[PDB]
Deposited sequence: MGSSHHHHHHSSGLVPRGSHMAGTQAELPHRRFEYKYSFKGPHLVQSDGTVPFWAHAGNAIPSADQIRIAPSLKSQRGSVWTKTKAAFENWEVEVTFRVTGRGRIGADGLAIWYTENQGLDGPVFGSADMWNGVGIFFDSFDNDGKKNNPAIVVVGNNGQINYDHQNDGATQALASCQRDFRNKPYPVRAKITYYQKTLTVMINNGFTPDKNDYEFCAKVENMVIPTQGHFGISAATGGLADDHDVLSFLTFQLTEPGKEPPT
């Protein structure tokens, strides 16, 4: 509650459609155009690995083999209820690609590791956009919600199927328009909605998965990461927009 004050008039203008229940969290957000500052950094966010930010997007992991990249908020958020809207592209030659992209709310920053570019044994929630079918069950690309409390090693080989709280099968690769994921944590419920990028309409969201009465840490960083394997897609994020929800 209470409108954001630590912002310039150009940035106010820049984020106009976002400011105009829902309170825009400027300090936990990024977008183009001019996504990046004259010194190459994304204001309020740190990047690591192979991630390279530019004016229009952050290429988290480019289409080389065995790449890892991530981007994380510099500080933790402390929101009872929240909603992130993440806009991205996963592009590659051919109908099959690897490995995928992850959106995180975790207690620490997962700068580097083996889990879509970020740290294993995390404390909080990952939403995994897993493009490659490691278990051969012919059910990728898939979106899987994986909670963790610092104890679990992510089961890469089964596509996290044995550890997933919820999941849906959606092809988010090679789409005419950017793909969008909206992730909502509200009154103990985690919801994933996907805009699959067939349409110019940015609000054409379809239900994907839900976890009722989920627990997550009271404070955490938001993050996004990706990785490639033998096959390699470009994984690009165009914007990450955070909102704090009340009542």
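Gaps in the model relative to the deposited sequence occur at 1 to 6, 27 to 29, 257 to 263, listed in sequence order.
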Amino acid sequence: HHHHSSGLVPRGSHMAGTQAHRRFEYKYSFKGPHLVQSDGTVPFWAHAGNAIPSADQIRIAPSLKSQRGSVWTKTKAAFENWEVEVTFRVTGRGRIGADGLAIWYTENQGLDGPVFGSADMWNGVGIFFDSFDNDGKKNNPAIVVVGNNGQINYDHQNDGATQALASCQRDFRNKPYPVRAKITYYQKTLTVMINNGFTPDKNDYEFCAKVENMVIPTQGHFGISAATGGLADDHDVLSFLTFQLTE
From here on, numbers count along this sequence of modelled residues.
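Higher mean CA B-factor, judged across 52 to 60 and 193 to 201 from the recorded values: 193 to 201.
Of the two segments, 88 to 96 and 67 to 75, the one listed with the higher mean B-factor is 88 to 96 (C-alpha atoms only). In the PDB entry, the Cα temperature factor peaks, among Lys27, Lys210, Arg180, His221, at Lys210.
Among all modelled residues in its chain, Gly124 ranks in the lowest third by Cα B-factor. In the PDB entry, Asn108 places in the highest third of its chain by CA B-factor. The entry lists a Cα temperature factor for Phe172 that places it in the middle third of the chain's modelled residues. Ranked within its chain, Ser118 lands in the middle third, by CA B factor from the PDB record. Placement of the Cα temperature factor of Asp133 within the chain: lowest third of the modelled residues, per the deposited record.
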